[PDB]
Amino acid sequence: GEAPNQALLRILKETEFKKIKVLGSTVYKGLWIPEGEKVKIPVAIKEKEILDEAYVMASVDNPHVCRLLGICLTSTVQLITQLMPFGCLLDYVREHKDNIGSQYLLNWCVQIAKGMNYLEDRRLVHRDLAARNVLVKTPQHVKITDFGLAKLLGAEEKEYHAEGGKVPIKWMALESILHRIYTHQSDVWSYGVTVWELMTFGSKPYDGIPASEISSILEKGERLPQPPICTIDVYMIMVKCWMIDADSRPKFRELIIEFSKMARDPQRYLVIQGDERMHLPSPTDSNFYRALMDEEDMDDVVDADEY
Ligand SMILES: *[C@@H](CC(=O)Nc1cc2c(Nc3ccc(F)c(Cl)c3)ncnc2cc1O[C@H]1CCOC1)CN(C)C
Ligand SMILES: CN(C)C/C=C/C(=O)Nc1cc2c(Nc3ccc(F)c(Cl)c3)ncnc2cc1O[C@H]1CCOC1
Ligand SMILES: CN(C)C/C=C/C(=O)Nc1cc2c(Nc3ccc(F)c(Cl)c3)ncnc2cc1O[C@H]1CCOC1
């Protein structure tokens, strides 16, 4: 029981949207033009459980998390958000398997963990983290989305018990599979899987194995394998995320740091054939920040903004 959520739910008129085109099953492309303000805000449009998803998206503000611009009540309920032009990261990495480099992959890892740590501070358990629910604003800026299964926790409450509903098994932590328990530390597990998804350029977890065998696979000790491009340093972290003890997994704030240190020297932690040739994103604020210090300190210098 925390502070009054004082977020503003904004109701939007049908007459403000223009040039609506479909994306698939429902979500749409579109343009929002607020009352005669003469500006175009590109938007996505998704068509009472949906009103919970709205409450959440309405209530979150952070550079690596999608915010609801508003809802629309005409005919049926519609969620309006900023259009992310490059779509979901899962499709993006598949689409650019042979054009993605090591700096990008590590930059996204940081950005996601940055978003998730935020959600942890707001007491939200996402419950459906995966590369499909990470979207691309620009190639070097990704955001977390899709709070359809998200749940808020009390100040008191540490876990969330589920009543039975469809959840993707191959991202789920073991406690979630066996005991229907959800915690920030189960989202950590899912984050590990998401990193595995990126480091294998959009491969399918446990490809071939059905969902029924999963709980029993993980009980036996087996995990996802070490991606070819991953040094033991990176794989270690993934495996740490998939540990049986929820409290022994990394913590999203720790994951920021671990991945941020690697991002200084991506070619030391990922070995991508043709990485010399790949396109590089803009230097990170952190990587810039560090070069401005004395050479003696730079070994261990950390940008406080990621701490
Ligand atoms: C991934 C395809 C994909 O994600 N496409 C896509 C989504 C999207 C969203 N998503 C969204 C989710 C929840 C929600 F409440 C709202 Cl309001 C939106 N949001 C904005 N823009 C999006 C764009 C988008 O795509 C782009 C590519 C073509 O042009 C748009 C496939 N997995 C689902 C498997
Ligand atoms: C992440 N990497 C794997 C690939 C990097 C891709 C990238 O930067 N792409 C793309 C970058 C684009 C870009 N960049 C840009 C940058 C700085 C600026 F100031 C301005 Cl004004 C523009 N501007 C316009 N279209 C683009 C389309 C891209 O890609 C489309 C077209 C074909 O494939 C998808
Ligand atoms: C920064 N440096 C470290 C290297 C730069 C790399 C780079 O730009 N790469 C690559 C750049 C690409 C590019 N750039 C582009 C830029 C401006 C434009 F107006 C237009 Cl139309 C296109 N467009 C399409 N594919 C590309 C593939 C690249 O790399 C792939 C294909 C070969 O191996 C990996």
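The title given for this PDB entry is "Crystal structure of EGFR kinase in complex with BIBW2992".

A. The arrangement of the packing of helix α5 (residues 184-199) against helix α8 (residues 252-263) in detail. Across the interface, α5 lies against α8 with an axial gap of 11 Å and an inter-helix angle of 30 degrees. When the interaxial angle is binned, α5 and α8 end up roughly parallel. Facing α5, whose interface residues are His184, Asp187, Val188, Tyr191 and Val195, α8 presents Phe252, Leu255 and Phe259. Residues of the contact of α5 with α8, tallied by class, amount to 6 nonpolar, 1 polar and 1 charged.

B. Summary view of the domain arrangement of the protein chain. When its domains are assigned, the protein chain resolves into domain 1 (1-83) and domain 2 (84-283). When each unit is reduced to the centre of its C-alpha atoms, the spacing between domain 1 and domain 2 is 26 Å. Facing 16 residues of domain 1, the contacting portion of domain 2 comprises 23 residues. Carbon and sulfur atoms supply 56% of the area buried between domain 1 and domain 2, which totals about 1700 Å² over both sides. Of all residues in domain 1, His64, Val65 and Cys66 bury the most surface against domain 2, accounting for 33% of the area lost on that side. Taken together, the links from domain 1 to domain 2 amount to 1 salt bridge. Between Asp146 and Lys46 there is a salt bridge, with the nearest N and O atoms lying 3.8 Å from each other. In this structure, the connection of domain 1 to domain 2 is made through 7 residue pairs in polar contact. The greatest single-element share of the side of domain 1 that touches domain 2, amounting to 3 residues, is contributed by helix α1 (residues 50-58). Looking at the side of domain 1 that touches domain 2, its residues break down into 7 nonpolar, 5 polar and 4 charged.

C. Focus on the packing of aromatic side chains. For the coordinates displayed, the defined rule picks out 5 aromatic pairs. On the numbers, 6.1 Å between centres and 75 degrees between planes, the contact of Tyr191 with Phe259 is edge-to-face. One end of the pair, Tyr191, is in helix α5; the other, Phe259, is in helix α8, and 68 residues separate them in sequence. Here the two residues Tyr191 and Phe259 agree in accessibility, since each one is buried. Among the aromatic residues, ring-to-ring pairing joins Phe86, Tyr92, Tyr104 and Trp108 into one connected group. Here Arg127 stacks its cationic end above the ring of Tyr182, 4.3 Å away from the centre of that ring.

D. Local environment of helix α6 (residues 211-220). What α6 keeps buried is the set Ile214, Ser215, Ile217 and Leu218. Here the buried residues of α6 occupy an arc of 165 degrees about the axis, which is enough to place them on one side. For α6, the exposed residues lying more than 90 degrees away from the buried face are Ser212 and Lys220. Summarising the contacts, the buried residues of α6 are in contact with α4 (174-179) and α5. One or two residues past the end of α6 sits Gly221, with phi positive at roughly 120 degrees.

E. How the structure looks around the site of ligand 1. Taken together, 18 residues form the shell around ligand 1, and within it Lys29, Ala44, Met57, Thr81 and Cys88 come nearest. At a separation of 3.3 Å, a nitrogen atom of ligand 1 approaches a polar backbone atom of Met84. Coverage of ligand 1 by the protein amounts to 74% of the 750 Å² it exposes when considered alone. Where the shell around ligand 1 is concerned, the elements lending two or more residues are β3 (41-46), α1 and β5 (78-82). If one sorts the elements of the shell around ligand 1 by residue count, β5 sits on top with 3 residues. Here the residues of the shell around ligand 1 sort into 9 nonpolar, 4 polar and 5 charged. Both domain 1 (1-83) and domain 2 (84-283) contribute no fewer than three residues apiece to the shell around ligand 1.

Cut-offs applied
Residues numbered from 1 in each chain as written, not as in the entry; some residues may be left out. Chains lettered and ligands numbered in written order. Heavy atoms only, no water. Axes fitted to C-alpha atoms, helices over the stretch in contact; angles between N-to-C directions. Helix = DSSP H or I, 4+ residues; strand = E, 2+ residues; numbered from the N terminus. Parallel < 35°, antiparallel > 145°, perpendicular 65-115°, else oblique. Contact = heavy atoms within 4.5 Å. Nonpolar A, V, L, I, M, F, W, Y, C, P; charged D, E, K, R; others polar. Domains from an automatic or database assignment. Buried area = accessible area lost by both parts, 1.4 Å probe. Salt bridge = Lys/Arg side-chain N within 4 Å of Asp/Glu carboxyl O. Polar contact = N/O pair within 3.5 Å; in protein donor to acceptor, adjacent residues only side chain to side chain. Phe/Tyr/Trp six-rings, centres within 6.5 Å; stacked < 30°, edge-to-face > 60°. Buried < 20%, exposed > 50% of the residue type's maximum accessible area, 1.4 Å probe, protein only. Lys NZ or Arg CZ within 6 Å of the ring centre and 35° of its normal. Arc of directions from axis to C-beta. Near = heavy atom within 4 Å. Areas by Shrake-Rupley, 256 points an atom, 1.4 Å probe, with all protein chains shown as cover.

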